[PDB]
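Participant: Build me a model:
(chains A, B, C, D, E, F, G, H, I, J, K, L, M and N)
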Amino acid sequence: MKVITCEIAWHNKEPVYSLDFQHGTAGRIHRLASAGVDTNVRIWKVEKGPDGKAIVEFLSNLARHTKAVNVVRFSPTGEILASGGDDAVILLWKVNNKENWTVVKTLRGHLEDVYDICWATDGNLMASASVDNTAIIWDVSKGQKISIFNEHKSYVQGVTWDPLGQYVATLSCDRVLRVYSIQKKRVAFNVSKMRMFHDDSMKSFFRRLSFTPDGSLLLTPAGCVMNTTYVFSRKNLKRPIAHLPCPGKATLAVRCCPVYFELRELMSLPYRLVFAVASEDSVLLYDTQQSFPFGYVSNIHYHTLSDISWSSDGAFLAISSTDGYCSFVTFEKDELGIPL
Amino acid sequence: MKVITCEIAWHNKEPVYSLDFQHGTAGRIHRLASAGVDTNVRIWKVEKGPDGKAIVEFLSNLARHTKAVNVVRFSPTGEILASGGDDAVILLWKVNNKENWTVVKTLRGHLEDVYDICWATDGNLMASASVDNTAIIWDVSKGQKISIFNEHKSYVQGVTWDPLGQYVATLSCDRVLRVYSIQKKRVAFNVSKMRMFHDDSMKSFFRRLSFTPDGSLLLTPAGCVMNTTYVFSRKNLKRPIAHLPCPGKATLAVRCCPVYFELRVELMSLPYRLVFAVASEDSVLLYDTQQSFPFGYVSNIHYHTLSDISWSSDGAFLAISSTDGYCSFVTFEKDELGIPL
Amino acid sequence: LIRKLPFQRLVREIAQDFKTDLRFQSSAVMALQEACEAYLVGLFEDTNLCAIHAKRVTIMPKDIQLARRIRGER
Amino acid sequence: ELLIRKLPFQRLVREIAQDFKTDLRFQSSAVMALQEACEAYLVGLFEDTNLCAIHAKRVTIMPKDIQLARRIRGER
Amino acid sequence: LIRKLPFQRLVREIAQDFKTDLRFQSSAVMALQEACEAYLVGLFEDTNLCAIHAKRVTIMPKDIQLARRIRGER
Amino acid sequence: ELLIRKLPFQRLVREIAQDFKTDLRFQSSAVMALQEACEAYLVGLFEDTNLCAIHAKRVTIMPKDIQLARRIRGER
Amino acid sequence: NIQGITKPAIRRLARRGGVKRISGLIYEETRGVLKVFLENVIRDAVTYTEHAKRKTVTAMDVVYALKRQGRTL
Amino acid sequence: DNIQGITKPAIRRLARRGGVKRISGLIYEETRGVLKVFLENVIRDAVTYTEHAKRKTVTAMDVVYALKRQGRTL
Amino acid sequence: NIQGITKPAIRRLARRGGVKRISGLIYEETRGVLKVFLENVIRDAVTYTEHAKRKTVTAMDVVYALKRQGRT
Amino acid sequence: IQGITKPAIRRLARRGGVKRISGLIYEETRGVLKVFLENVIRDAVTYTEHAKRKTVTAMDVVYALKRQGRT
Amino acid sequence: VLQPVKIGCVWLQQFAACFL
Amino acid sequence: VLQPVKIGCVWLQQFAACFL
DNA sequence: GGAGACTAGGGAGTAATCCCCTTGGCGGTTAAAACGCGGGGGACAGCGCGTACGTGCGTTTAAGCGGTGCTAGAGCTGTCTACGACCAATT
DNA sequence: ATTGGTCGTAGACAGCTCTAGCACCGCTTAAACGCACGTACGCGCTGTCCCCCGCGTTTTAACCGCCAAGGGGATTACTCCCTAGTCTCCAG
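Facilitator: Numbering: from 1, shown residues only, chains lettered A, B, ... in the order given. Sure, the structure comes next:
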């Protein structure tokens, strides 16, 4: 594979907080969006060059946010863009600067930095995580709050929606994971001891964990044994099956490619899934069947990483850091594996 | 009668707010208590001299109050002394400085200047009037509050207890009188239009009205028709039978002698007459039950506004207090007012 | 010293906007009354300040928007 | 960027320090950070007063307007 | 932030010391909690202020007696 | 009941007045009100400082005490 | 509703504010200011009371809103 | 006897927040004493304001005016 | 100006303030204390006088001011 | 305190977008400069003494930003 | 100063009561 | 300056898997 | 050491600044009415309270010794003793 | 006019501060423990609704005088726009 680092400041030399690719993309060109302290959300056009190296093209600027923006999210269909941050306003941008975007609904109800947003599979439900110690469920069509999960006692820096639409996985800064059943609207599980997770000393503002695209397994970063990434299953969420050791700095991000790859084992199904884990200064690339990582890139950013994102086809793996610079990982035709 | 003015400062030239005689006295010597800005309650010994002029003898000093005191009250039996003021604390003093006094119960619950206190006939129930827009009923034996009357919308400057123990009469700065039945603990009567009384422009901090010792009639000073003093009756409290004209300064104090005098226009018809004292800002008028016009009038004896007046146990002394720091007394000879029953 | 119930149902209607079936206790009602009255007296005082500053006795909204921009309103 | 000379700022800082208490060493990084925050705040109130004068419908400025802004802030 | 149950016991005990047949609100109770917290911590910065002027680190009651007499609440 | 020389006090308060607004006429009543406030607050302050100095165990009084009291007061 | 900010009530509140002379358009720009700042303050107030798992706002929420708006009283 | 409910380590860590390092054990009792006397002071005015609204239940708004009377609004 | 208060007057007022041994520099911080105190009082007096449209400062104005900062 | 040069004030003014400036601007600008300088250094040393340190640090000014709300 | 005017017991007419 | 060390596709042993 | 900057300084000229209508929108006036204040069930459905639960990190005793309060002796200094001059002050 | 109020000088030593001396009781675990905290949940119950009627004070509309926001113009006043030494910040 090849790694290309963006050496031009995307948001005028300010730290980058989030990245997201357009899930609605279905071809070779993918649309990427960025969040920064400049209170602006920049959507870029990312496509491979003739040599295969990543090329970034600026499309639009979204300066409606009054304060800094921490998380930017695309809908699974790619229609609606979710953006919230220091001003704590969740904007549902829609395609109306090369292009233009307009906010559909104002999903207000948060107080300060909103760190993690996860789209439900249907795209009509939102999970919102912010410093305010709460998780709020919203209706996209209604644009109104319907459920509240404020049991968190520290900075809620990570949340993901179950692809099967059964539970809600939340990671807070209190080294405690909280699972919320989607039908009961109450806490399903509580795990804090094998502490298991890293304390406030971990320097990343995010604790973004994500379910496996099928939802069978849950990968949680920022763990302790030493820094590691624990793996949970739907069968038992109160004991991790295994952990991936990451000596050095603590892992902060877990992102899984939405493309199912053929087997060339954490979970036993005829398909394997390649996911990306971002630490403070290193990135380890694993797959479902192989315990050891098949890829590792480091010493490419001068400061702490913030967010990563896979492309729709898996050909792009964007990496964002806090130094104002970003980077991408480019794979050739089906280098990761054979798609299903 | 004779009038003697106290030209010596009782409370170190500070204004005097209240005066009260020992209701427990039964002879010739009467005990008088004074309240001033100096945070002290001075009980004096008042007795007629060889020439009949009043003589004042200092007995005790009561400096427990942290701030100024506005009203001082003795029990109908004379045992317990009620004292409250700027610090808004009601002290029940008791005879334990020629003599000494000690506070029995601390009847707290008021907020700022307490202006009027009235003792119930039994002596076990208290009415307290303060600027705080409320009147609180207390238990003397229990030392705890039991009832609240918050209908006042301005500075409450006058209250009295019905001798028959049926209603409670209150006067506030809002030119509105409020009557509270002691049984229901609610407003029984309310009169505001005949305004009916004087507004906030009247310069006295007190609106002290008192019932007739038998409770049949209520004497309410500081009225407007010119300044006047309206009179009510138990039969109808919503309409005055008559008012006492006092042109010039507004009447502020009403006190009735506790001695029943025989009959020698009539305000009320019973075989006995009662002599009461009304004190205005700079004048004092002395009336009786049977005569419409006053049979006594003393003025130009104090340099500033009068504050309080008090009758003696036998009616031979009528203490007068002013805001200039000086007090005065009115001395009547043997049964000069009338022949007691 | 705004009149009580007109202000209270101002607050009620503008609270219903976020989501219906909201109950407010009188304690918080007088609390928010205190808040509104404090703000309005402060802003009115500063408007008088900038008005005599503007060397006109009569009040002008431009003073108001000025105060907003300085007080960080917009 | 920086438009104020380092030495006068440092010498007034040392002046107030020796007025308060001696042997209080100042590091270059902290000095420059405090200086840039100083410039940022002063320029912020400066265009605050500029807009005030813009309302004052008089392009030239006079500091009593700035003192109005002060009591808007309630600093003194 | 200090503790809850013993302070609720304190307020209830002093309440029955005043008068029985009374009720407290939970929110009001915790409000009283941070109120007492703030008052005591402020007194204690006063304590530190005196002790530093007392040019001693460890504190003896005369510091807090100053605190009170100097501000004179009692 | 005053000891500060009354007309020097009057000239002091007057000169302060024309430092802000010129031609301010003051009567005896205003001057004595300013006085009574003056001696009241200063005697309270010295009561404070003396008792604090007693806490200081030191017979002499020096303005570390008055600065102490005012940093209690919240005036700065 | 919104016109509940009564015109002579605005007049008397201005009186308490020391205002000298008053024009008509103030009588509804005051409605605008009131509605927008109450929107803000009850916004963060309902958030604060949602932290308490409480369905009713409190004076505690109000006072914290005033701290966040810099008008503590 | 709930007065002893304010403990040694709690007061020690309030002290830590206060701005002291070393404090003697002889200050815990005077700390509970100052706490009780001034909760007495504040709750007196609190219950007065509570009675003013014809209330048999205290409210969090009461302590606000109590501190305003005491001059320590928050 | 501020020198209207004399050092012997400061000393005698301090003497009946209950102090016996005094240093010199007190004579100057006391003047600063006095001016700091009186500026607020006179400012409030000006505000009240403008409210009442009375150019001359009255005794009751000062008394109600002292009530406002609470040392009536 | 004189070190804040008046031409520096004028060029910073030119950056501030003003056109004509009264002369007496400089003294009050310096005064309200130093009042906030004093407030910030006071908060800085307040945090520093709790940190048991004697030298100013950027953390102190960051906490000053947090306290005054200019962050 | 004040000039005291005292009226003795006369068994004045300026204060004669008027009924209603 | 930084000295980049890049490892290609080897189908690192310092990061070998550890199980429990 | 040496090169940008600032401090000292004329020019007038554009920018405040005060005067003079000037009218039109605004300050009190009036009549009533219209919501403003209120209180009373109604108990229905909202609300807290006590206690049980458990169990776990805060709370309690103590070694223990040494960093910090406590005492002696300076010891060297700035009052306050007396005063001799000025010196503002009441009339 | 005089008259008490003030000011500034000379040093003895009283006492604030500094150093030396001393002991003793806050940290600092280790272990016992306990109530602090979290939910249910039945039981208590407090705040309440809200209508109208009672009823009544204030709101609103419109008038009419008239005060003032703003225009006009004359009036002064203050940074140009260099001119020049300087002086000192910073680089070498």
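
Participant: if I pick the residue lying farthest from the centre of chain G, what's in contact with it?
Facilitator: Distance to the chain centre peaks in chain G at residue G:53, reaching 24.4 Å (criterion: CA atoms, centre = their mean). By CB atoms under 8 Å, 6 or more residues apart in numbering or on different chains, the residues touching residue G:53 are residue A:150. The C-beta positions use only the backbone N, C-alpha and C, and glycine is treated the same way.

Participant: Got the phi and psi for it?
Facilitator: Torsion angles at residue G:53 (phi, psi; degrees, to the nearest 10) stand at phi 60, psi 30.

Participant: element containing residue A:296, please.
Facilitator: Element membership for residue A:296, per DSSP states H and E: strand A:295-298.

Participant: any residue of that strand up close to chain L?
Facilitator: Yes: applying CB under 8 Å from any CB of the partner chain, one finds strand A:295-298 in contact with chain L at A:295-298.

Participant: quick one: residue G:73 and residue C:39 touch, right?
Facilitator: No: shown here, residue G:73 and residue C:39 do not form a contact pair, counting by CB atoms under 8 Å, at 9.5 Å.

Participant: Neighbour count: those two, which is higher?
Facilitator: Neighbour totals were compared for residue G:73 and residue C:39, and residue C:39 leads with 19 against 15 (other CB atoms under 10 Å in any protein chain shown).

Participant: Quick check, the more buried one in contact with residue G:37.
Facilitator: Yes: Residue C:39 lies in contact with residue G:37 (CB under 8 Å); the separation is 6.2 Å.

Participant: follow-up on the earlier one: which of the residues of strand A:295-298 next to chain L tops the neighbour count?
Facilitator: residue A:295 (22 neighbours).

Participant: Just give the nearest non-adjacent residue to that one, would you?
Facilitator: residue A:285 (3.2 Å; CB to CB, 6 or more residues apart in numbering or on different chains).

Participant: all strands of chain K, in order?
Facilitator: Taking DSSP state E to define them, one finds no strands in chain K.

Participant: repeat for the stretch 1-150 of chain A
Facilitator: A:2-6, A:16-21, A:30-36, A:41-48, A:54-62, A:69-74, A:80-85, A:91-95, A:101-106, A:114-119, A:125-130, A:135-139, A:144-149 (DSSP state E, counting those that start in this stretch).

Participant: Okay, now the sheet partners of the next helix or strand after the strand holding residue A:296, with direction.
Facilitator: The first helix or strand that comes after strand A:295-298 along the chain, using DSSP H and E, is strand A:305-310. Strand A:305-310 has its sheet partners listed here by DSSP bridges as strand A:316-321 (antiparallel).

Participant: Show me how far the partner strand is from its chain's centre.
Facilitator: The chain centre lies 11 Å from the centre of strand A:316-321; the measure is CA atoms, centre = their mean, to the nearest Å.

Participant: Stretch A:280-287 too?
Facilitator: Centroid separation between stretch A:280-287 and its chain, computed with CA atoms, centre = their mean, is 14 Å.

Participant: Which residues does that stretch contact?
Facilitator: A:203-204, A:244, A:246, A:248-252, A:261, A:272-277, A:292-299, A:301, A:304-305, A:308, A:319, A:329, A:336-337, L:15.

Participant: can you do 7 Å?
Facilitator: By CB atoms under 7 Å, 6 or more residues apart in numbering or on different chains, the residues outside stretch A:280-287 that reach it are A:203-204, A:244, A:246, A:248-250, A:252, A:272, A:274-277, A:293-298, A:301, A:304-305, A:319.
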